[PDB]
Amino acid sequence: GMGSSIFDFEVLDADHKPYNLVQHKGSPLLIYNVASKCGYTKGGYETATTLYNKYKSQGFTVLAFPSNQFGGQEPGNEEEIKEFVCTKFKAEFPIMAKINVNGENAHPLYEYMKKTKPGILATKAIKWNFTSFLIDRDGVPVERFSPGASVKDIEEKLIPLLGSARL
């Protein structure tokens, strides 16, 4: 099959310049398909902000991929960042140049992510705000958290990987 880790897939910084994803090789990284918007988040913002900075120290990242609602299928909404004034999210993370994180295009990396682990349901393909994926030391997504889970809720899956319990 295709994809051993998320690192099989080129990432793109907030201007679609190829981002160095594999710099999170060694310590888990949480990549979030985040719905940009303005003023409206769902816990995941303070979650991601604090998680990233508390754990980038080890190697952890919160990669923010601020879904391009311009597509229509996007997990955050659709018309929201088109009718309202919304910057491409942006924060204290490696926030990337927004990708179609959703069931239409996602992105090879997220296609890899939901193909590795679909949704909180039996199956799902991204349909919320931030929606994290707990990517492991070697870039293997083993979780995905909903925008509604906080620092704590993520750490409890993250820390075992940061701290490297292995088994």
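Residues numbered from 1 in each chain as written, not as in the entry; some residues may be left out. Heavy atoms only, no water.

- Per the PDB record, the structure was determined using solution NMR.

Describing the overall build of the chain
So, point 1. Each helix and strand counted, the chain has four helices and six strands in total.
So, point 2. Starting at the N terminus and ending at the C terminus, the chain contains elements arranged as β-β-β-α-β-α-α-β-β-α.
So, point 3. The C-alpha atoms of the chain give a radius of gyration of 14 Å, which matches the 15 Å a tight globule of 167 residues would have.
So, point 4. The principal-axis extents of the C-alpha atoms in the chain amount to approximately 45 × 35 × 35 Å. (Helix = DSSP H or I, 4+ residues; strand = E, 2+ residues; numbered from the N terminus. Rg over C-alpha atoms; globule rule 2.2 N^0.38 Å.)

Some words on the environment of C38
So, point 1. Along the chain, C38 falls in the loop between strand 3 (29-34) and helix 1 (44-55).
So, point 2. We classify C38 as exposed; its relative accessible area is 54%.
So, point 3. Expressed as a C-alpha distance, the spacing of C38 and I6, which sit 32 residues apart in the sequence, is 29 Å.
So, point 4. When residues no more than four places from it in sequence are discounted, the contact partners of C38 are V85 and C86. (Buried < 20%, exposed > 50% of the residue type's maximum accessible area, 1.4 Å probe, protein only. Contact = heavy atoms within 4.5 Å.)

Overview of the nonpolar core
Soluble globular proteins tend to pack their nonpolar side chains together in the buried interior.
So, point 1. One finds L30, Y32, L51, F60, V62, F93 and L158 to be the most contacted residues of the largest nonpolar core, which totals 22 residues.
So, point 2. Elements supplying a minimum of two residues to this core: strand 3, helix 1, strand 4 (62-66) and helix 4 (151-162).
So, point 3. Those residues in contact with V62, other than ones at most four positions away along the chain, are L30, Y32, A48, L51, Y52, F93 and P94.
So, point 4. Residues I6, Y110, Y112 and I135 belong to the second largest nonpolar core, which totals 21 residues. (Core = buried A, V, L, I, M, F, W, Y, C linked by side-chain atoms within 4.5 Å.)

Details of helix 3 (residues 108-116)
So, point 1. What helix 3 keeps buried is the set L109, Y110, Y112, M113 and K114.
So, point 2. Looking at the buried positions of helix 3, the neighbouring elements they touch are strand 1 (11-12), strand 3, strand 4, strand 5 (132-135) and strand 6 (141-143).

Overview of the packing of aromatic side chains
So, point 1. A full pass over the atoms with the stated rule returns twelve aromatic pairs.
So, point 2. When the centroid spacing of 4.5 Å and the interplanar angle of 40° are considered together, the rings of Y45 and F89 count as tilted. Here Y45 is found in helix 1, whereas its partner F89 is found in the loop between helix 2 (80-83) and helix 3, with 44 residues between them in sequence.
So, point 3. Taking the relative accessible area as the measure of exposure, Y45 reaches 28% and is therefore partly exposed.
So, point 4. The exposure class of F89 is buried, given its relative accessible area of 7%.
So, point 5. When the centroid spacing of 5.1 Å and the interplanar angle of 70° are considered together, the rings of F65 and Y110 count as edge-to-face. (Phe/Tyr/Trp six-rings, centres within 6.5 Å; stacked < 30°, edge-to-face > 60°.)

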